[PDB]
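Note that my numbering numbers the sequence shown so that position 22 is 22, with each residue one more than the last.
Data block below; observations after.
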Amino acid sequence: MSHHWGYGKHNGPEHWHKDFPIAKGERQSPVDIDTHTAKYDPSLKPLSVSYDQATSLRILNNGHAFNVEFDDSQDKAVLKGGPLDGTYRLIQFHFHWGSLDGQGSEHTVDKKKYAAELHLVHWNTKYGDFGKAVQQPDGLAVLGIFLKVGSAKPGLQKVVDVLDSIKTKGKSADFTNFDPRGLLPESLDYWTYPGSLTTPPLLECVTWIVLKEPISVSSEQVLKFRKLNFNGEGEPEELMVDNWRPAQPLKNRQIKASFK
Ligand SMILES: [Zn+2]
């Protein structure tokens, strides 16, 4: 249908509440991280990211972003520790980005926007599969990583290089042997809060873990994101930029951190 959700003026974040009333709920994401009001919790443990046996499959343009999909049939790529009481399996990653380097991230830090934000999405092994997990308040754990512009990120290059092949909605490419360790910063210091999916259906099923340290990507690398299209092949060109939801009200949730 013509007014399927998206990021345009007619179908974007300001409109989502009409089909998805939880958009105005109590635990929506993303949020602004005010570093004066976030609370250092010395009891927060280190994150445990185990990606050395991750098995990537394919990369696809779904008309909203591009997703790299993983084999989540075993404990090959798991997130645990940190604020988490369970183990979560990686199913996909994707990014959100802007029409210029000055915006594109979903989370903000003291109102500062980054050029992009990477989401690694993981689901809780208590629940059987992803579809079941998103119905539970502790169903998902999303690791959020900001992108700033500087030096190139070597581990991102395979992704950048393939994007020309999946320009339009519905296109995919094989994408094997991709190592998601190559997308992580040196430090795993983090903020965490309870929240939601940032796209429809906006379900309030996510433990967010947002890394303090951005990764650096080159200007050339993030520029390639902006060549993707929201549209299908043959349809009028609608460039895939500004596929981010703005910050939502915190509503008395506590953001906790592993540092001051
Ligand atoms: Zn996302």
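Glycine included, each C-beta is placed from N, C-alpha and C at the ideal position.
Compute the distance between the beta-carbons of residue i and residue j, then report whether it is under 8 angstroms.
i	j	result
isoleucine 91	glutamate 117	no
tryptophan 244	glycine 104	yes
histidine 64	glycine 6	yes
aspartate 189	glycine 98	no
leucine 228	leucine 143	no
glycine 81	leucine 47	yes
With burial defined as no fewer than 16 other Cβ atoms inside 10 Å of the residue's Cβ, what is the status of residue i: buried or exposed?
i	result
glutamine 28	buried
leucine 60	buried
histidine 4	exposed
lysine 153	buried
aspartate 110	exposed
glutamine 74	exposed
To which residues of the same chain is residue i closer than 8 angstroms at the C-beta, ignoring the five residues directly before and after it?
i	result
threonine 37	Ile255
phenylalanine 259	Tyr40, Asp189 and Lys212
In terms of residue numbering, what span does the beta strand (DSSP E) encompassing residue i cover?
i	result
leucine 223	Here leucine 223 belongs to no beta strand (DSSP E); instead the alpha helix (DSSP H) covers 219-225.
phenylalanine 146	140-149
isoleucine 209	206-211
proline 194	190-195
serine 172	172-174
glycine 81	78-81
Who are the near neighbours of residue i in its chain, counting only those whose CB is closer than 6 angstroms to its CB and skipping five residues on each side?
i	result
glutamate 69	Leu57, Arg58 and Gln92
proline 180	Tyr51 and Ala54
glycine 195	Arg27, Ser29, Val206 and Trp208
Hey, could you find the ends of the alpha helix (DSSP H) residue i is sitting in?
i	result
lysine 158	157-162
If you drop the 5 nearest sequence neighbours on each side, which residues of the same chain put their C-beta closer than 7 angstroms to that of residue i?
i	result
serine 172	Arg58, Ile59, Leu60 and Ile166
Task: Complete beta strand (DSSP E) runs within the stretch 86-134 (minimum length 3 residues, chain order) - done: Runs found: 88-97 and 116-124.
TODO: List in chain order: all unbroken beta strand (DSSP E) runs of 3+ residues lying wholly within the stretch 43-68.
DONE: 47-50 and 56-61
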